[PDB]
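Below you'll find only one chain, the form solved without dibenzofuran, shown as C-alpha cells.
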C-alpha cells in the first residue's frame, strides 16, 4: 500500500531527484488512473472533429472509452462509452454521424446526449431511465481544443491552465477566424510510460539540441547541405507554470530550427507577412515576440502535448505502466491559404507520424528505457533532474511567468511535483491553484 509519505519521497524537486519506480510500478499506475487521470482535464480533440449535430468521436480518458458528440444546441457532450446494463460499448465505430446510439447486446437505446431513452420490454420486465444513463463528463473548450474532466471538485479549465494560456494562444489565437483540424488522426503504440512522453514536450529541448534528432535535421536540410553547417541553436527560454505542471520551451531568433523541419514556406507564413503581423497584434496583452518564437514544445498536464510552431498536437493514452497509445493530429488557421495548409499537412507527416524522421528517434529512446526498468538495480538509484536548478526567475520583460534557460529541467521538476501532489493529496482544497 502506497502511503502519502512514500509517494512524496518519490520526487524531490529541491535536490532534483526522481525515483525510477514511478514509470514501472503497477500499484502506482492503478492510483494514477484514479488520482491523476480521473480528475485532470484531458484532451479529446478539436471542435472541427465534430462540427455538425450528431457528429461523434470515440476517444479515451485514461483507459476509459468516451464518446464526444455535438448536440442540437451547438454544444459538445462527453459520456462514458459503456452501457450501464452489462458494460457493452454503445458507440462501436471511430467517428461519424448518428441520429441515436443503440447497444448491440440487449438493445438499450440512447439519444445523442447520452441519455437512456428506450429500454426493450421495459413495461413487462421492470427503475428510472434518467438515472441509468452513461457517466457524463465536464466539457470545456479552449479556442477549439476540447477538454474533459470527470471530477466536479476539480477547478475550471481556465484556472487549471493558469499562466500557461499565453503560450497556447501562440498556436491557437493568431486570427479571429480561429483554428481548424486537418482531417485524419494518426494512432500508434509505444511500449513506454506516459510520463517519458509528457516530460519531453514539457521541458526537454535538451534531446533535440544534442544527439536524438541529428538524423532528423539531416533529413530536412537541402541535399547540398550537411550536419557540419546545420546552424545549431543555443539561445532560448523555458517556461514553468505557477500551478498545474504545465511546461513550454522555445528557441529565440534562430530560423534553422524551423527551416529544417517545416521548410521555407511555413517559416515565411509564421515569421513574416500580414498573417504574422496580425498574430503579434492580437497577442498584445502578453508582450511576447511571437514572430521571434520558433520551434516550440508544450505540455498541458497530464497528457496534452503539442508543438505550436509546427502545429503537431497529440494525446498520450496510458495503457499500463509499460505502454501508451499516441493519438496525433494537426491544426491550421481557418482562413489560411490552400498553399500553406498543404505545407503543414505534408511536413507533419514527414516529421511526426509513426514513420516520421523525428518521431522514429523519439520512440526508440523511450522503448529502451522501459526495457531497462525491468531490472532491480535499474530502479534502485534515482534519476538526475538537476538541470537549471534554482536558475529560473519570474521577472522577465518578454515572457511572463517562471522562465529559465531553454536547456533546463525546471518545467520537468514542475511536472513531477504536480504529479506527486495529485497522487498524495486526496482533496482539491489543498491542491487548488
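Positions refer to the first chain, counted from 1.
Beyond what is shown, the protein has a form deposited with dibenzofuran bound; the following relates to that form.
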*Are 200, 310 and 352 jointly within 4.5 Å of dibenzofuran in the deposited complex, each by at least one heavy atom?*
yes
*Does residue 358 make contact with dibenzofuran in the deposited complex, using a 4.5 Å heavy atom cut-off?*
yes
*Please check if residue 207 has a heavy atom lying within 4.5 Å of any heavy atom of dibenzofuran in the deposited complex.*
yes
*asked:* Does any part of residue 174 reach within 4.5 Å of dibenzofuran in the deposited complex? Heavy atoms only, please.
replied: no
*At the 4.5 Å heavy atom threshold, is residue 297 in contact with dibenzofuran in the deposited complex?*
yes
*Pick from 140 to 148, 68 to 76, 221 to 229, 207 to 215: which stretch has non-hydrogen atoms within 4.5 Å of dibenzofuran in the deposited complex?*
207 to 215
*Taking dibenzofuran as it sits in the deposited complex, which residues of 250 to 279 have a non-hydrogen atom within 4.5 Å of it? Please list them.*
257, 261
